[PDB]
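Chain by chain, the residues:
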Amino acid sequence: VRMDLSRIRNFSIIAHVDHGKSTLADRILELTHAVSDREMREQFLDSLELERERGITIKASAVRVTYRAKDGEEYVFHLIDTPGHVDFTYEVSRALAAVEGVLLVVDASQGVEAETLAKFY
RNA sequence: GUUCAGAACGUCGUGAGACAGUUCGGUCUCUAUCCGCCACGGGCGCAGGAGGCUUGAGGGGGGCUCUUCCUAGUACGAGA
Ligand SMILES: Nc1nc2c(ncn2[C@@H]2O[C@H](COP(=O)(O)OP(=O)(O)CP(=O)(O)O)[C@@H](O)[C@H]2O)c(=O)[nH]1
């Protein structure tokens, strides 16, 4: 994106089990994409469709934004945040201490849990 | 089916013959009367003569099951 040196960042939205770790970065980001009747449907992000059995997303790869800032940094920051629940963390940890910071909304129902403490460690 | 003659082995029986030992083909009788019943009645009553309507103790009857897909995939459940 021509965005030479400077800018960019590292943020991730990690949380406990079943928390819609694929809600925030779903769409309608103004960036314009995923449509034509073939929208990324519920739980986009490639995946494999096979997970349709229960939308049990394995990992979160790719999915980067571009423009959306009221005339600012434009777009400089990752967007990878594998979901799950202590089922791939360790193995997928490779992405844990990869991008600084990690977003994630607490479940209004179950709420915070273990995955929260361990996820912070 | 075995529980009658056949014959059959097998086998006991000195044999005649037999065996809850099996096997193989071995005649099944049916014009209703009372009660009983499904109706269908014929009489008479039910008490000014009729005709049409009906309400109904009383009996019946059938008196069903499940999947799917609901809300919401939420309470809880660490997920499942
Ligand atoms: N009623 C309701 N449903 C929500 C809410 N947020 C997310 N969801 C629903 O719950 C589903 C799961 O949320 P989401 O975290 O994005 O998916 P996931 O839990 O990460 C499944 P995986 O971990 O495999 O990616 C979503 O399909 C979405 O429809 C909410 O605030 N209210």
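Rules and cut-offs
Residues numbered from 1 in each chain as written, not as in the entry; some residues may be left out. Chains lettered and ligands numbered in written order. Part of a larger assembly, values for the part shown. Heavy atoms only, no water. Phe/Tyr/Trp six-rings, centres within 6.5 Å; stacked < 30°, edge-to-face > 60°. Helix = DSSP H or I, 4+ residues; strand = E, 2+ residues; numbered from the N terminus. Buried < 20%, exposed > 50% of the residue type's maximum accessible area, 1.4 Å probe, protein only. Near = heavy atom within 4 Å. Polar contact = N/O pair within 3.5 Å; in protein donor to acceptor, adjacent residues only side chain to side chain. Areas by Shrake-Rupley, 256 points an atom, 1.4 Å probe, with all protein chains shown as cover. Nonpolar A, V, L, I, M, F, W, Y, C, P; charged D, E, K, R; others polar.

- By the method listed in its record, cryo-EM, this PDB entry was determined to a resolution of 5.7 Å.

1. Observations regarding the packing of aromatic side chains
Phase 1 of the analysis: Tallying each qualifying case throughout the model produces two aromatic pairs.
Phase 2 of the analysis: Look at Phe11 and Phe77: their rings are 5.2 Å apart centre to centre, the planes differ by 75°, and that puts the pair in the edge-to-face class. Of this pair, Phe11 sits in the segment before α1 (89-92) while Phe77 is found in the segment before α1, placing the two residues 66 residues apart along the sequence.
Phase 3 of the analysis: Judged by relative accessible area, which is 26%, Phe11 ranks as partly exposed.
Phase 4 of the analysis: Among the residues examined, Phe77 registers a relative accessible area of 23% and is labelled partly exposed.

2. Description of unusual backbone geometry
Phase 1 of the analysis: One non-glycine residue, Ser6, lies in positive phi territory at about 75°.
Phase 2 of the analysis: Looking at where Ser6 falls in the secondary structure, it is placed in the segment before α1.
Phase 3 of the analysis: In this structure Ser6 comes out as exposed when scored by relative accessible area, which is 55%.

3. Overview of the protein's contact with RNA strand B
Phase 1 of the analysis: All residues adjacent to RNA strand B are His16, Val17, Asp18, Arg54, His85, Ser109, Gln110 and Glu113.
Phase 2 of the analysis: Of all RNA strand B atoms lying within 4 Å of any protein atom, the proportion belonging to sugar or phosphate reaches 77%.
Phase 3 of the analysis: Measuring from a sugar or linking oxygen of RNA strand B, one finds a side-chain N or O atom of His85 at 2.3 Å.
Phase 4 of the analysis: In the environment of RNA strand B, a phosphate oxygen lies 2.9 Å from a nitrogen or oxygen atom belonging to the side chain of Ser109.

4. Some details on the site of the ligand
Phase 1 of the analysis: Taken together, 13 residues are adjacent to the ligand, and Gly20, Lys21, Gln43, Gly55 and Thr57 come closest.
Phase 2 of the analysis: Residue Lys21 places a main-chain N or O atom 2.3 Å away from an oxygen atom belonging to the ligand.
Phase 3 of the analysis: One nitrogen or oxygen atom from the side chain of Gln43 is found 2.7 Å from an oxygen atom belonging to the ligand.
Phase 4 of the analysis: Against a free-state accessible area of 640 Å², the protein chains account for coverage of 55% of the ligand.
Phase 5 of the analysis: A breakdown of the residues in the shell around the ligand according to their chemical character gives two nonpolar, eight polar and three charged.

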